[PDB]
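The chain that follows stands alone, in the form deposited in one PDB entry, written as structure tokens.
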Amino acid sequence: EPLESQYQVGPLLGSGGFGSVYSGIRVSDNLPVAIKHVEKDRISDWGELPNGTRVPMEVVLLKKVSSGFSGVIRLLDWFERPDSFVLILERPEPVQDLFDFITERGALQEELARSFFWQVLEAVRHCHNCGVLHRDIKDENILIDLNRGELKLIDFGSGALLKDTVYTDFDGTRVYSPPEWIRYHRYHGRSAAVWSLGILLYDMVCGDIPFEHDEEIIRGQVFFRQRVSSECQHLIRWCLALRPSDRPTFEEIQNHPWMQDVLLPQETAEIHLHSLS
């Protein structure tokens, strides 16, 4: 019941920055899990569970997107301690985040970028469908179940309930924030999310982020350091339109020509992951 009597805590999974998520095992079925600890002091937003329970906005969002659609890691359970909250997330194995996968292999082939990007679109679409706005989409925040070839969205620590009115706060990755935020400190969930999706896509086909300085973000000019098809370039410039209203809707993104004939997760794994090449 306590916690330490249920899961067998393992090695720290972090490896790069703050945060404290260890590799756990669930005694009973020895199911692979991830124990993420969050200090109460460093908790900006708090939310009430369906039964009015003071809890971190992260636990609220996770439970709302938790169920079946494997697009996002599911919160299996949580615990509260005097100064922190412990979260038990499902942990795929083998696993590797998009960022390490990109650093290791560099720019991804378009076919593979199509399967991957598609999967996160489905996951983000799932989040909005449950009243959740991630706010921190980036290669670091997505995992790869290497056997199934399925990407899992993680870290809702900057998330927020999805609203149709403006947002005046943003505690996510700067370089992924839209020009609206940088220039006015205000944005709208869905269109900002599309902008981060634009950075991400570029990051997949170019091996790196397109912008680095507020100036570049505000100018919105996109230069390709790698051979990228015209279609993919068009989808990217489109998601990266300065004026929010000009960004494509999630439906337009998935109907976009470059987005057609996406591979299935298993096919993708079988072709781009399974092989030790």
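We call the rigid core the largest set of C-alpha positions that still match within 1.5 Å between the two forms. Quick note: we count residues from 1 along the sequence shown, nothing fancier.
Unshown form deposited in another entry; subsequent notes refer to it.
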Only one of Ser230, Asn30, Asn51, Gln221 shifts its Cα by 2 Å or more between this form and the one not shown once the rigid core is superposed, namely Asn51
By the 2 angstroms cut-off, has the C-alpha of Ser15 moved between this form and the one not shown once the rigid core is superposed?
-> yes
Once you account for a change of 3 Å or more, let me know if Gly17 and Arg135 sit closer or farther in that other deposited form, using their C-alpha atoms.
-> closer
Regarding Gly17 and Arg42, go with closer or farther for their CA spacing in that other deposited form versus this form, the difference being 3 Å or more.
-> closer
